[PDB]
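K.L.:
Before anything else, here's the structure in question.
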Amino acid sequence: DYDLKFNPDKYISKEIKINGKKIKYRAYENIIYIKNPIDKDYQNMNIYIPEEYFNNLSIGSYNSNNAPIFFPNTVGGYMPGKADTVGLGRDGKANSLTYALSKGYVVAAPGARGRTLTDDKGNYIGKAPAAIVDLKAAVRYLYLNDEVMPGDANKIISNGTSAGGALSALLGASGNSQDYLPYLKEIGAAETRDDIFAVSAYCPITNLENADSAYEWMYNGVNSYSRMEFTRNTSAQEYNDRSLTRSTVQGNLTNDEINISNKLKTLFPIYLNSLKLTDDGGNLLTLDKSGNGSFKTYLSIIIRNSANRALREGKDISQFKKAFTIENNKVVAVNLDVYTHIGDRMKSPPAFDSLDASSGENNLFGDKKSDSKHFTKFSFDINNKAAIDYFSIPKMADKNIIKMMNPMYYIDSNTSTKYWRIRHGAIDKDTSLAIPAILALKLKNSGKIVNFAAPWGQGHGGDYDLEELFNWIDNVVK
Ligand SMILES: [Mg+2]
Numbered sequence: 029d030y031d032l033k034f035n036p037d038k039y040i041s042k043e044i045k046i047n048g049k050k051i052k053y054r055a056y057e058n059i060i061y062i063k064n065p066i067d068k069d070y071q072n073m074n075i076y077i078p079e080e081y082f083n084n085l086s087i088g089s090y091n092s093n094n095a096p097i098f099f100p101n102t103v104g105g106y107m108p109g110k111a112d113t114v115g116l117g118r119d120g121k122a123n124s125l126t127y128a129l130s131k132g133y134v135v136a137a138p139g140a141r142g143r144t145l146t147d148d149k150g151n152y153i154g155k156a157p158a159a160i161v162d163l164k165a166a167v168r169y170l171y172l173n174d175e176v177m178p179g180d181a182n183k184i185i186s187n188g189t190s191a192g193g194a195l196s197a198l199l200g201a202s203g204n205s206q207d208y209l210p211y212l213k214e215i216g217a218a219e220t221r222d223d224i225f226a227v228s229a230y231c232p233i234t235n236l237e238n239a240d241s242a243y244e245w246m247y248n249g250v251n252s253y254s255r256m257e258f259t260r261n262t263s264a265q266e267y268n269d270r271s272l273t274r275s276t277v278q279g280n281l282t283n284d285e286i287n288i289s290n291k292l293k294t295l296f297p298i299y300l301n302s303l304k305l306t307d308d309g310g311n312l313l314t315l316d317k318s319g320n321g322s323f324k325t326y327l328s329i330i331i332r333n334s335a336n337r338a339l340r341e342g343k344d345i346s347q348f349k350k351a352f353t354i355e356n357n358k359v360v361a362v363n364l365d366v367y368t369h370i371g372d373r374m375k376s377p378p379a380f381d382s383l384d385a386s387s388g389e390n391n392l393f394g395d396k397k398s399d400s401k402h403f404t405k406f407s408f409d410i411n412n413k414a415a416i417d418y419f420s421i422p423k424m425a426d427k428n429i430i431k432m433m434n435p436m437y438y439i440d441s442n443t444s445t446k447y448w449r450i451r452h453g454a455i456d457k458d459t460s461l462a463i464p465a466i467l468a469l470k471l472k473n474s475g476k477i478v479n480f481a482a483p484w485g486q487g488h489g490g491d492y493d494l495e496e497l498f499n500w501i502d503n504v505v506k
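By the working numbering, the letter at position 221 of the sequence shown is numbered 249, and the numbering carries on one by one without gaps.
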């Protein structure tokens, strides 16, 4: 019943000054991008278009029929995320949408449902796969209105951080997969298409069902933790903006936690070898049963490359030199095991599928009537065996919904999105560096152009490098 055609006449004239330039744009705010919305506060989208594109003017190489479409989402924690607005970040500098507008991009910024959202009757409406369905549905809206809306729908660049990086990556990996259509039909998405031109993903929290073994492979033996306390009800912004003041919990892993981490580590080589990932040379990246082999040597080179860039920039590597072989003031070798034992660990095992089903990712895999579920055989079987011994009974997420949240099952040599920029910080312990690396390898092995880097001294977060990011987008757009 909600009409889906874009009205170029229904806008507000807005402006913003970054340091001295006046960026004028036309704002089309809170468009319902779906004919039958279930939650209109979240399933709407803001579209910002530079004012030049209504006066037959150019911004750089870009014009009103030319401009790439910058597609940022605001999701963190797999929580509901509202459409982003044009303004400044906490640093006081231009945020990503303001940056995009100054460079001549059209900005379409969708909101999306998330894991705590309910309907009027209390049923959950934002458990998996709602958020990926909302992002697909907004893309389809962009394609349906391409001919009347300024810009080029064939050049959509997705952006996200953390959980929202996972969705941006998912959006690039599953373009037009049939799995999502019954959900798109149900909410009346436009019947166009949802493949995108390029993905940018900061610290994606993906591959959820394999992120527990990878995290213990990396961090086994680090038995004292410290982390910010996140709860069921932590908002998106607090998951993604680590510059906000939060209280911190710290302690030592219990003996059972250590046995669980021992067992989880044991399980990662079976999984990693199953992927048959090859590096640049066609050399298979594998792991022995002891957890060593070429894949670990591959990871250590990412760190070596990170620390050597830091050196060239005069940054401090001091705290981590004990893991480094340094000769003529270049790092030539990195003992990855030593490197990962340097800080305190962050999450406790199992880091994603907790035994009491209380993680945020547990909460993502609830359904209309269940607030959380398991999604790994490992955590489910522990609880299932305990219930049988008792004569609580655990629930396991639907296999097809676990699939729909994981870009790994969709990346092919035929994946249509060519360009991918992936960042995971060298001191980011919200997930294993093994996980974004595995995503990056899978895309390279499938013939896609991948720009992957672990920036030194960088924890969880996104958009800390907007100048470099839009250099990449400009280059990728050609
Ligand atoms: Mg257009």
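Just so you know, even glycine gets a beta-carbon here, dropped at the ideal spot from N, CA and C.
Under 7 Å: does the beta carbon of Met73 sit that close to some heavy atom of ligand 1?
P.N.:
Here the question's residue 73 lines up with position 45 in the sequence shown. Not under cutoff, so the answer is no.
K.L.:
Are there 16 or more other CB atoms within 10 angstroms of the CB of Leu272, so buried, or fewer, so exposed?
P.N.:
Along the sequence shown, read from residue 1 onward, the residue named residue 272 stands at position 244. Label assigned to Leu272: exposed.
K.L.:
Going by alpha carbons, who is nearest to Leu494 out of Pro100, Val478 and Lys397?
P.N.:
Taking the first residue of the sequence shown as position 1, residue 494 is located at position 466. Here the closest residue by C-alpha is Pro100.
K.L.:
CB-CB under 7 Å to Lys50, same chain, minus the five flanking residues each way: which ones, in chain order?
P.N.:
Position 22 of the sequence shown, counting from 1, holds the residue named residue 50. Only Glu43 meet the Cβ criterion.
K.L.:
Hey, is the stretch 472 to 489 in contact with the stretch 440 to 452, meaning 3+ C-beta pairs nearer than 8 Å?
P.N.:
Touching, yes.
K.L.:
State yes or no: is the C-beta of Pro178 nearer than 7 Å to some heavy atom of ligand 1?
P.N.:
Counting from one through the sequence shown, the residue named residue 178 turns up at place 150. Result yes, Cβ under 7 Å from ligand 1.
K.L.:
Three-state secondary structure (DSSP) at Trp500?
P.N.:
As a first step, residue 500 must be located in the sequence shown, where it is residue number 472. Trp500: helix per DSSP, three-state reduction.
K.L.:
Taking 7 Å as the cut-off, is the CB of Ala197 close to at least one heavy atom of ligand 1?
P.N.:
The sequence position of residue 197 within the sequence shown is 169, counting from 1. No, Cβ of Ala197 sits at least 7 Å from all heavy atoms of ligand 1.
K.L.:
In this structure, does DSSP put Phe352 in helix, strand or coil?
P.N.:
Translated into positions along the sequence shown, residue 352 becomes position 324. If DSSP states are grouped into helix, strand and coil, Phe352 belongs with the strands.
K.L.:
Taking only three categories from DSSP, how would you classify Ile288?
P.N.:
Position 260 of the sequence shown, counted from the first residue, corresponds to residue 288. Helix, per DSSP.
K.L.:
Terminal residues of the continuous beta strand (DSSP E) containing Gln278?
P.N.:
In the sequence shown, residue 278 corresponds to position 250, counting from 1. Residues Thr276 to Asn280.
K.L.:
Spatial neighbours of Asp307 within its chain, please: CB distance less than 8 Å, with the 5 preceding and 5 following residues excluded, ordered by chain position.
P.N.:
Counted from its first residue, the sequence shown places residue 307 at position 279. Result list for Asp307: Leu313, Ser322, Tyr326 and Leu469, in chain order.
K.L.:
How many Å lie between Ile410 and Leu383 at the Cα?
P.N.:
Within the sequence shown, numbered from 1, the residue matching residue 410 stands at position 382. Within the sequence shown, numbered from 1, the residue matching residue 383 stands at position 355. Near 8 Å, if we compare the C-alpha coordinates of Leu383 and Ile410.
K.L.:
Can you tell me whether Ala136 sits near ligand 2, meaning its C-beta is under 7 Å from at least one heavy atom of the ligand?
P.N.:
Annotation note on ligand 2: not contained in the displayed structure, which lists ligand 1 as its ligands.
K.L.:
Near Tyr56, which residues of its chain fall below 6 Å by C-beta distance, leaving aside the five closest residues on each side in sequence?
P.N.:
Counting from 1 along the sequence shown, the entry for residue 56 is found at position 28. Closer than 6 Å at Cβ, skipping near neighbours: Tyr39 and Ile75.
K.L.:
Could you tell me whether any non-hydrogen atom of ligand 1 is closer than 7 Å to the CB of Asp174?
P.N.:
To locate residue 174, count along the sequence shown from 1; it is residue 146. Yes, since a heavy atom of ligand 1 falls inside the 7 Å radius drawn around the Cβ of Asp174.
K.L.:
Check whether the Cβ of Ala111 lies closer than 7 Å to any heavy atom of ligand 1, and answer yes or no.
P.N.:
As a position in the sequence shown, residue 111 is number 83, starting the count at 1. Checking every heavy atom of ligand 1 against the Cβ of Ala111, none is found closer than 7 Å.
K.L.:
Could you spell out the range, first to last residue, of the alpha helix (DSSP H) harbouring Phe406?
P.N.:
Start at 1 with the first residue of the sequence shown, and residue 406 comes out as number 378. Unbroken alpha helix (DSSP H) run through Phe406: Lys405 to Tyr418.
K.L.:
So what does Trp448 bridge to, in DSSP terms?
P.N.:
Start at 1 with the first residue of the sequence shown, and residue 448 comes out as number 420. DSSP, once it has assigned bridges, lists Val227 and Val478 as partnering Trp448.
K.L.:
What is the residue span of the alpha helix (DSSP H) that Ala239 lies within?
P.N.:
In the sequence shown, counting from the first residue as 1, residue 239 sits at position 211. First-last of the alpha helix (DSSP H) with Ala239: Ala239 to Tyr247.
K.L.:
Go to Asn390, then tell me how far its alpha helix (DSSP H) extends in each direction, as first and last residue.
P.N.:
The residue labelled residue 390 in the question sits at position 362 within the sequence shown. First-last of the alpha helix (DSSP H) with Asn390: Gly388 to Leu392.
K.L.:
Could you have a look at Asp395 and say whether DSSP puts it in helix, strand or coil?
P.N.:
Counted from its first residue, the sequence shown places residue 395 at position 367. Of the three classes helix, strand and coil, the one that applies to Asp395 here is strand, per DSSP.
K.L.:
The alpha helix (DSSP H) spanning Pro464 covers which residue range?
P.N.:
By 1-based counting over the sequence shown, the position of residue 464 is 436. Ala462 to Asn473 is the extent of the alpha helix (DSSP H) around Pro464.
K.L.:
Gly203 and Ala229 - do their beta-carbons sit closer together than 8 Å?
P.N.:
For the purposes of this step, residue 229 is identified with residue 201 of the sequence shown, where counting begins at 1. For the purposes of this step, residue 203 is identified with residue 175 of the sequence shown, where counting begins at 1. The answer is no: Cβ separation not under 8 Å.
K.L.:
Rounded to whole angstroms, what's the CA-CA distance from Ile224 to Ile160? Just pull it up for me.
P.N.:
Your numbering for residue 224 matches position 196 in the sequence shown. Your numbering for residue 160 matches position 132 in the sequence shown. C-alpha separation (whole angstroms): 13 Å.
K.L.:
For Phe82, name the three-state secondary structure that DSSP assigns.
P.N.:
The residue given as residue 82 occupies position 54 in the sequence shown. Looking at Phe82 - three-state DSSP - the assignment turns out to be helix.
K.L.:
Please confirm whether any heavy atom of ligand 1 lies closer than 7 Å to the CB of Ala181.
P.N.:
On the sequence shown, position 153 is the one that residue 181 refers to. Because some heavy atom of ligand 1 lies under 7 Å away, the Cβ of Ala181 counts as near it: yes.
K.L.:
Which partner residues does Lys52 have in the DSSP bridge list?
P.N.:
On the sequence shown, position 24 is the one that residue 52 refers to. Paired residues: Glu43.
K.L.:
What residue does the alpha helix (DSSP H) around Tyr253 start on, and which one ends it?
P.N.:
Counted from its first residue, the sequence shown places residue 253 at position 225. That residue, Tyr253, is in no alpha helix (DSSP H); its beta strand (DSSP E) goes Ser252 to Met256.
K.L.:
In or out: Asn391 buried (at least 16 other Cβ within 10 Å) or exposed?
P.N.:
In the sequence shown, counting from the first residue as 1, residue 391 sits at position 363. The residue in question, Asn391, is buried, as its Cβ has 16 or more Cβ neighbours within 10 Å.
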